[PDB]
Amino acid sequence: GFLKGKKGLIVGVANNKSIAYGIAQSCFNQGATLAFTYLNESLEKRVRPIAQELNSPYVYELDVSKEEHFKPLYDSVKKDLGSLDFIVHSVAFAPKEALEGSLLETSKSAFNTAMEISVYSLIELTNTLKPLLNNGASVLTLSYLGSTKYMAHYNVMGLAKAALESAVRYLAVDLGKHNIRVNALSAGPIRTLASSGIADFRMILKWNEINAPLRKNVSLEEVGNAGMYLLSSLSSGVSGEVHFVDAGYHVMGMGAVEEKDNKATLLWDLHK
């Protein structure tokens, strides 16, 4: 098992549809000792049973907007685990109003919330836990094509993911001299609990399914296996990377076509 005996902290499980869960589950099947965090008591109800299922008693409170939660999280990990081999940062947030309409409409406070919660928390979490990381440790965050290309209504969250991918590059430099790796997994759209906060996610999901090279949406298992890879020693030469797990969708410069011997037609134009 490629993570046998390796300790990892999973941040961001909301339910068994969370990207964080897929990753945690794939790492479990590879023999990882997991620990989990939860936003508040409403989320502890959901994390702590799932943690149980992945054979884990280590369940800690972390609201990344509460500076005061981080020292306790450090102490908990040192008490119960002593060291970490990987960290999964699977967390983002923006107010509903910002994930719709235009970027021009965005409030300064919505901006600051999207940036603090979705980007700065990787800095504070990695800085907090840096003293406990073992040789070869691997830090993983989650991004989206909306960072470097326009995606409908993704707006301020595209700005956050662009910064997030840039943070991955700088953190990879900062931490690489201590032989620690930092990567982003850029998932394709996948029906999750936070992804329902995106206006007409469903249409983005369809557009992806029709137009991706593999003519499928990605499965939660596919994101988890890719994540597991990046967390595992299999990827010990990979750092600073933005790894697309999106059924190939990133390569498309235009809608997919299909030919009827006559014209070419957009695939999109066949179903309706």
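Note that residue numbering begins at 1 and tracks the sequence as displayed.
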property: Stretch with the greater mean C-alpha B-factor as recorded in the entry, comparing 107-115 against 74-82; result: 74-82
property: Greater mean Cα temperature factor according to the PDB record, 54-62 or 241-249; result: 54-62
property: Options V168, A199, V156, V91 - largest CA temperature factor per the record; result: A199
property: Options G176, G101, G136, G188 - largest CA temperature factor per the record; result: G101
property: B-factor third for the C-alpha atom of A163 within its chain; result: lowest
property: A264 - which third its CA temperature factor falls in, relative to the rest of the chain; result: highest
property: CA B-factor ranking of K149, expressed as a third of its chain; result: lowest
property: Record-listed C-alpha B factor of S143: chain third; result: lowest
property: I210 - Cα temperature factor, lowest/middle/highest third of chain; result: middle
